[PDB]
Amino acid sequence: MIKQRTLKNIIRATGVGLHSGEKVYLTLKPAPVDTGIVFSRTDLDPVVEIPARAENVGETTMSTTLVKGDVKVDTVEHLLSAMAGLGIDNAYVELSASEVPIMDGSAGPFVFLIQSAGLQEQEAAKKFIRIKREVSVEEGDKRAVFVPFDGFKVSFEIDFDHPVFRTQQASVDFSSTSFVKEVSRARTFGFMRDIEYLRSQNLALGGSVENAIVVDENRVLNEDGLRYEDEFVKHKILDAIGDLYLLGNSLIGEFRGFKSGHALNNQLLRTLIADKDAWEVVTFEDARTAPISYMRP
């Protein structure tokens, strides 16, 4: 059977929040079968635990935020993208501050820390959410769709009226694409012209060329340039895989994003979860007949 996976060993990282600029200690720990991904504010007494599930999403303007009462965990999407990409079902994510560290702006550093620690297969069938019917949400020009598909593939289109903005559409299908090699290293991006305003709104306080592609009038300011010709749209795919993981299980289906973001992605997850005709939970007792496969642990 395709088995649930957790961490073999703990992961420790120290970083800075993109929006808050706060120094943060991150610990990933193994968790039991059917725990899912659970975030924990360990700086609070008592500790506040928030499951990484669509029901717990608050703010989606600046990044994906989990909320329980007045307690928040900001910017979960890059770490959730890493967990979904590597097939991690169960983990406790302890944080000493509200915001997950930004690292280099991609999922690359989290993927490397997790694969160094190693994964542990658990004695329980991995659960998958299988898309059975097309579910689409629109608002203005933006659209997010789930489509039935025997596998897992993600399409994204952005449209920035900017000289720097290259390939603005990309498709990944994990029957060929390596999450690790082709998606995970894609960094977040911000426009230089927006930073002053953002800082006045207490956003991008931790932003630097070390953790983001900074775009000037006409060029990327980063001295070493882009990791991928299509890094901007690859990063939107990375964000989308993280947001999709708020379903609490790996997807069997297709996601298509058309100028979508955290907010429409959340409207799409909420609409899917509510329409129980459009999905079911499936397991695979035989890996050899499954439409997806995962790296050795």
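Rigid core: the largest C-alpha set superposing within 1.5 Å between the two forms. All residue numbers refer to positions in the sequence shown, first residue = 1.
Larger root-mean-square CA separation from the shown form, computed after a rigid core fit of the structures in 4 other deposited structures of this protein, is seen for 212-220 when 99-107 is set against 212-220. Farther on average from this form in 4 other deposited structures of this protein lies stretch 189-197, the comparison being between 189-197 and 127-135 by RMS Cα distance after core superposition. The stretch of deposited sequence separating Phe165 from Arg166 contains 1 to 3 residues lacking coordinates in this entry.
Mean CA B-factor, 139-147 versus 89-97: the higher value falls on 139-147. Note on 16-24 vs 285-293: mean CA B-factor is higher in 285-293. If you compare the C-alpha temperature factors of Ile129, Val183, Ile114, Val209 in the entry, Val209 comes out highest.
Comparing the listed residues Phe174, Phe160, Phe189, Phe110, the entry records the largest Cα B-factor for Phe160. Sorting the modelled residues of the chain by their CA temperature factor places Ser200 in the highest third. Ranked within its chain, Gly257 lands in the middle third, by CA B factor from the PDB record.
Among the modelled residues of its chain, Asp74 has a C-alpha B-factor that falls in the middle third according to the deposited record. When the CA B factors of the chain's modelled residues are split into thirds, the value for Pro46 lands in the highest one.
Ranked by Cα temperature factor within the chain, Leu264 sits in the highest third according to the deposited record.
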